[PDB]
Amino acid sequence: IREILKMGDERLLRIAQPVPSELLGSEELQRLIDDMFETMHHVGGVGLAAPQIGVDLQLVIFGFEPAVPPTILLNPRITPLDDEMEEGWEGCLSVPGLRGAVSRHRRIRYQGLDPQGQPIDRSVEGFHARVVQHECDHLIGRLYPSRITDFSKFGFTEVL
Ligand code: NI
Ligand code: NI
Ligand code: NI
Numbered sequence: 003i004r005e006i007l008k009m010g011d012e013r014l015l016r017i018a019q020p021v022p023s024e025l026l027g028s029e030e031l032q033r034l035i036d037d038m039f040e041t042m043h044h045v046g047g048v049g050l051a052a053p054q055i056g057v058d059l060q061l062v063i064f065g066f067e068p069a070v071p072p073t074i075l076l077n078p079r080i081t082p083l084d085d086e087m088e089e090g091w092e093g094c095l096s097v098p099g100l101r102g103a104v105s106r107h108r109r110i111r112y113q114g115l116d117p118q119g120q121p122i123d124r125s126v127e128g129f130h131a132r133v134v135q136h137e138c139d140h141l142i143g144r145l146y147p148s149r150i151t152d153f154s155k156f157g158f159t160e161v162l
């Protein structure tokens with residue numbers, strides 16, 4: 003169980019380093035992944051990026067039992083499948099107490115590596131697509147407030 007960094011912390015602004023291929027399949031990468039699951043799960047989040055716990059790596063996890071498969075994604079690359087955008091409510095453990103509506107691509111392809119270096123290549127839409135965009139934003143130093151285009155839909159969760 004690891005401390006989730008909060009918006010304002012300069013570490014969330016980094017462009018994360020790729021996971022080195024030497025670390026694929028290692029116990030250390032395993033431990034990091036397990037800590038991330040334990041951390042995400044303890045605070046009840048749908049996703050977590052390694053930078054939010056202060057680890058400078060292109061690694062994210064996400065899962066929701068609109069269900070989304072439990073996934074561990076390294077060194078990702080996202081490709082929008084079209085121009086259709088869709089607004090949805092988002093929150094984030096690094097921005098506690100808030101929700102905001104954010105416009106994302108409705109459908110994406112994502113690629114990357116699983117923790118053993120096996121290739122991942124999925125096309126997905128709706129919520130799954132949103133989660134993946136949201137978590138990969140952490141790897142380029144972006145939190146969702148920086149993606150809001152309608153500020154009337156940004157506020158405290160209990161107020162909204
Ligand atoms: Ni290398
Ligand atoms: Ni539990
Ligand atoms: Ni987040």
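Numbering (the working numbering), first residue to last: 3 to 162. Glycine residues also receive a C-beta, built at the ideal position from the N, C-alpha and C atoms.
Residue 20 beta carbon near ligand 1 (any heavy atom closer than 6 Å): One-based indexing of the sequence shown puts residue 20 at position 18. Outside the cutoff, so no.
One or two residues paired with residue 110 in a DSSP bridge: Stepping through the sequence shown from its first residue, residue 110 is reached at position 108. Paired residue(s): 82, 126.
Identity of the residues DSSP links to residue 87 by a beta bridge: As a working note, residue 87 is residue 85 in the sequence shown. Answer by DSSP bridge pairing, in chain order: 107.
Residue range of the unbroken alpha helix (DSSP H) whose run includes residue 63: As a first step, residue 63 must be located in the sequence shown, where it is residue number 61. It is not in any alpha helix (DSSP H) - residue 63 instead sits in the beta strand (DSSP E) that spans 61-66.
Cβ pair residue 106, residue 91 closer than 7 Å: The sequence position of residue 106 within the sequence shown is 104, counting from 1. The sequence position of residue 91 within the sequence shown is 89, counting from 1. Taking 7 Å as the Cβ cut-off, residue 106 and residue 91 do not qualify as a contacting pair.
Helix, strand or coil at residue 144 according to DSSP, with G and I counted as helix: Position 142 of the sequence shown, counted from the start, is the residue given in the question as residue 144. Reduced to three states, the DSSP call for residue 144 is coil.
The segment 64-71 / the segment 83-99 touching (three or more Cβ pairs under 8 Å): Counting Cβ pairs under 8 Å, fewer than three are found: no touch.
Closer than 6 Å: residue 94 CB and nearest ligand 5 heavy atom: Among the ligands modelled here, namely ligand 1, ligand 2 and ligand 3, ligand 5 does not occur.
Range of the contiguous alpha helix (DSSP H) that encloses residue 39: Counting from 1 along the sequence shown, the entry for residue 39 is found at position 37. Its alpha helix (DSSP H) spans residues 29-45.
Residue 55, DSSP secondary structure in three states: As a working note, residue 55 is residue 53 in the sequence shown. DSSP, read as helix, strand or coil, puts residue 55 in helix.
The segment 6-13 / the segment 122-138 touching (three or more Cβ pairs under 8 Å): no
Residues near residue 52 by beta carbon distance below 6 Å, same chain, minus five either side: Counting from 1 along the sequence shown, the entry for residue 52 is found at position 50. Cβ neighbours of residue 52 beyond the five flanking positions: 59, 61.
Beta-carbon gap between residue 104 and residue 142 smaller than 7 Å: Taking the first residue of the sequence shown as position 1, residue 104 is located at position 102. Taking the first residue of the sequence shown as position 1, residue 142 is located at position 140. Not a contact, by the Cβ cut-off of 7 Å.
Cβ pair residue 93, residue 26 closer than 7 Å: As a first step, residue 93 is located in the sequence shown; it is residue number 91 there, counting from the start. As a first step, residue 26 is located in the sequence shown; it is residue number 24 there, counting from the start. Cβ distance not < 7 Å, so residue 93 and residue 26 don't count as in contact.
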